[PDB]
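# Chain and residue survey
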Amino acid sequence: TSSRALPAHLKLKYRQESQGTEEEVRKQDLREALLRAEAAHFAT
RNA sequence: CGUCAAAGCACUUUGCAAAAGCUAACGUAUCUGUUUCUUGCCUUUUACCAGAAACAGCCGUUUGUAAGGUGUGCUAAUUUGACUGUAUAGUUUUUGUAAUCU
Ligand SMILES: [Mg+2]
């Protein structure tokens, strides 16, 4: 109907294996990782 | 060419589905549009300039399959596939050095 209403980007992208899917974040331990990263930045 | 098998066959209309897997012309051809950037010309918008990225559209192509049409056939025609396919008594196999007994 209009130029900007034409079909475009018909394929929705999903997070892949290494991009941080729900499974990987659920398996991961975010608390300890956050603590190590905070300590590492403090070290500088 | 031959044997066997199943399929009517040749041309054609329409529907449905698919088309890179091992780097490669579905198309030895070739247009347009949108978004986000960087540019050109620029008094403001459309229309624009010419490069990129990500997306789409249109003109076409191929294959499979389903249902039909035309012309010829089923008192045969053609097509597709498969095949460990050929002679021959005259020494290297299939027209017998056999029987005899031990
Ligand atoms: Mg004004």
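- As stated in the entry header, the method of structure determination is cryo-EM and the reported resolution is 3.1 Å.

### What to know about the pattern of salt bridges
- Per the stated rule, a full pass over the model turns up 2 salt bridges.
- Here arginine 26 and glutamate 23 are joined by a salt bridge, their closest N and O atoms 2.2 Å apart. Note that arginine 26 and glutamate 23 are positioned in helix α1 (residues 22-27) at a spacing of 3 residues, about one turn of the helix.
- Residue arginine 26 is classed as exposed on the basis of its relative accessible area of 54%.
- Look at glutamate 23 and you get partly exposed, because its relative accessible area is 43%.

Conventions adopted
Residues numbered from 1 in each chain as written, not as in the entry; some residues may be left out. Chains lettered and ligands numbered in written order. Part of a larger assembly, values for the part shown. Heavy atoms only, no water. Salt bridge = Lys/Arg side-chain N within 4 Å of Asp/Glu carboxyl O. Helix = DSSP H or I, 4+ residues; strand = E, 2+ residues; numbered from the N terminus. Buried < 20%, exposed > 50% of the residue type's maximum accessible area, 1.4 Å probe, protein only.

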